[PDB]
Amino acid sequence: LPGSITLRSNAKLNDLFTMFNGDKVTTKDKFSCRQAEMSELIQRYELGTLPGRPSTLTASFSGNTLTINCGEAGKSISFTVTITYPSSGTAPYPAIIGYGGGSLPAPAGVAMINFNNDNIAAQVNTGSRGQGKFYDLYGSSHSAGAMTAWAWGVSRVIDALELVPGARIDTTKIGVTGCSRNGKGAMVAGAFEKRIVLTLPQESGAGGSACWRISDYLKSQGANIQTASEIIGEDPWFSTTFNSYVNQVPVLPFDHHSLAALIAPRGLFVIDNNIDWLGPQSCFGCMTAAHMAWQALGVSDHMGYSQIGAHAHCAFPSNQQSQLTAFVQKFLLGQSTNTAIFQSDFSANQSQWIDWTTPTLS
C-alpha cells in the first residue's frame, strides 16, 4: 500500500471485496491481502499503529496469577492476569480473556482470564492519553490508541501462555470478550490477534459493532445515538489522528464492517441489545455487511449476531444463553453445534448501505 494515497468520500459502506486501488478480490488468498490492507488503513486513520512482539518476553505462573514481562529497546514493563478454572473440562483448558473480567456467564469447561486492560492503557478520561504500561514501554507519544494498546496486551497474554503451560490454558482455544467500552476493545483484539478463535464483543456500540456511517445518518435523523465525533471526547480509545476524520467519516477508506471482517474466517458472535445510545440499527446494518466476509469464504455460520429486545446494559440475557453456548462449544470446545444465528429487531437497510456484491472466493 502506497505511503501516500488520496482519500475519497464514499457515502455507503466500503466494498470489502475491492482493494483500495480498485483491484477486484476474487480469491481467498487475495482476501487475505485485502484484510491486511484494511488493517493497515484502520491503524493509519483510526486506531493507531499496532506494535509487533517485543524483543524481550518472559513469563511465570504462581497461585492463579500469570506474570508477563516485556522488554523493548532498553525499556521494560510487567503486568499480570488472574485465572479461574472450570469445574468441568480437561486441562489444558480453553479460555476466554475477559477485559475487566467481561460481562458474560462463565462457560462450562472454559477458564476465565481477567485482563486488566486499564493498566495497559488508561481510560479514565481524555487526560488518560498516552498513559499506561503499553506507553511506559513504547512511549507516551506512540500513535496507538488505547484499544490498539489493549490488543497488543492480549497478544502478550497469549505469548505468555505459550511460554507457561503450567498456567494450564490451551493456547489454540482462546477467545476474548468485553462489555460496553470493553466491548469495543474485544472487537479490536479479535481483529488484530489472529490466534483468537472466538471474539465476543458485548454491547460495544459506537467504536465496536456499529458503523460510523450509519450512526451518523441516524444522528442526522434525530436519533439519540453515539457517534464518532462525540466518542473521541470520552477517552483516548482511538488514535489522535482519528480526531481529524471524526467529522468527515465518509472519506475513511473503511468502516467498522471492515474492522469486523478482519476476524474472518475465525469465530465472531456479536452480543447486542436495544439501547438507543448503542445504535442497534447501525450495529445490525454494519455487521450484516461484515458477515459477507464469512459468506464469501464459505463459512457463514462462523459469525453470529444477536439483538433481542432490550435489557439492562451489560446484564447478559437468558434469551441469548443458548446462542452464546453454541459458539462457545463450536469454537472453544471443538463441537459442531448449530451457529446459524443472525437476528435483530431493526432493519439492516442493505440497499441503502451496501452497493457491492459478495463473491465466492476461490
# chains A, B, ... in the order shown; residues from 1 in each chain; ligands from 1
>>> residues_around(residues="region 3-10 of chain A", least_positions_apart="2", cutoff="8 Å", atoms="only C-alpha atoms", output="compact mmCIF listing (two decimals) with C-alpha atoms, in the first residue's frame")
# COMPACT_ATOMS: atom_id res chain seq x y z
CA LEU A 1 0.00 0.00 0.00
CA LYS A 12 -22.13 3.94 1.70
CA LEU A 13 -20.23 1.16 3.46
CA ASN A 14 -16.97 0.47 1.59
CA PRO A 250 -17.28 9.37 4.51
CA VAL A 251 -13.65 9.89 3.45
CA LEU A 252 -12.47 6.93 5.53
CA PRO A 253 -11.43 4.07 3.22
>>> residues_around(residues="residue 25 (chain A)", least_positions_apart="5", cutoff="10 Å", atoms="only C-alpha atoms", output="list in words")
residues 16, 17, 18, 19, 30, 31, 32, 33, 34, 358, 359, 360, 361 and 362 of chain A
>>> closest_residue(among="A:180, A:295, A:224, A:114", to="residue 314 (chain A)", atoms="only C-alpha atoms")
A:180
>>> residues_around(residues="region 58-68 of chain A", least_positions_apart="2", cutoff="8 Å", atoms="only C-alpha atoms", output="list in words")
residues 56, 70, 78, 79, 80, 81, 82, 83, 84, 156, 157, 160, 163, 164, 166 and 167 of chain A
>>> select_by_dssp(residues="region 97-276 of chain A", states="strand (DSSP E or B)", output="PyMOL selection string")
chain A and resi 97-99+111-115+169-179+196-202+267-271
>>> write_last_selection(atoms="C-alpha atoms", output="compact mmCIF listing (two decimals), in the first residue's frame")
# COMPACT_ATOMS: atom_id res chain seq x y z
CA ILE A 97 -9.73 -13.48 28.02
CA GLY A 98 -12.14 -11.03 29.61
CA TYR A 99 -11.45 -7.31 29.71
CA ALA A 111 -11.36 -20.98 32.05
CA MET A 112 -11.69 -17.22 32.54
CA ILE A 113 -8.70 -14.91 32.33
CA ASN A 114 -9.27 -11.49 33.88
CA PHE A 115 -7.38 -8.96 31.77
CA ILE A 169 -4.51 -22.99 29.26
CA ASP A 170 -4.95 -24.41 25.75
CA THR A 171 -3.39 -21.66 23.61
CA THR A 172 -5.16 -22.97 20.49
CA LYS A 173 -8.56 -22.37 22.11
CA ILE A 174 -8.56 -18.78 23.32
CA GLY A 175 -11.42 -16.32 23.00
CA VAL A 176 -11.89 -12.70 24.03
CA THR A 177 -14.78 -10.67 25.41
CA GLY A 178 -15.67 -7.34 27.00
CA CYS A 179 -18.81 -5.24 27.50
CA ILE A 196 -8.06 -15.63 18.94
CA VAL A 197 -10.58 -18.32 17.91
CA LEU A 198 -13.74 -16.69 19.24
CA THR A 199 -14.44 -12.96 19.58
CA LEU A 200 -17.36 -11.91 21.76
CA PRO A 201 -17.93 -8.12 21.71
CA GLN A 202 -20.81 -7.38 24.06
CA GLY A 267 -15.36 -17.14 15.16
CA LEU A 268 -17.27 -13.97 15.95
CA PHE A 269 -20.52 -13.59 17.87
CA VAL A 270 -21.80 -10.06 18.40
CA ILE A 271 -23.96 -9.87 21.51
>>> closest_residue(among="A:123, A:325, A:239, A:349", to="residue 107 (chain A)", atoms="only C-alpha atoms")
A:325
>>> atom_distance(atom1="CA of residue 128 (chain A)", atom2="CA of residue 152 (chain A)")
17.6 Å
>>> closest_residue(among="A:137, A:151, A:206, A:260", to="residue 275 (chain A)", atoms="only C-alpha atoms")
A:206
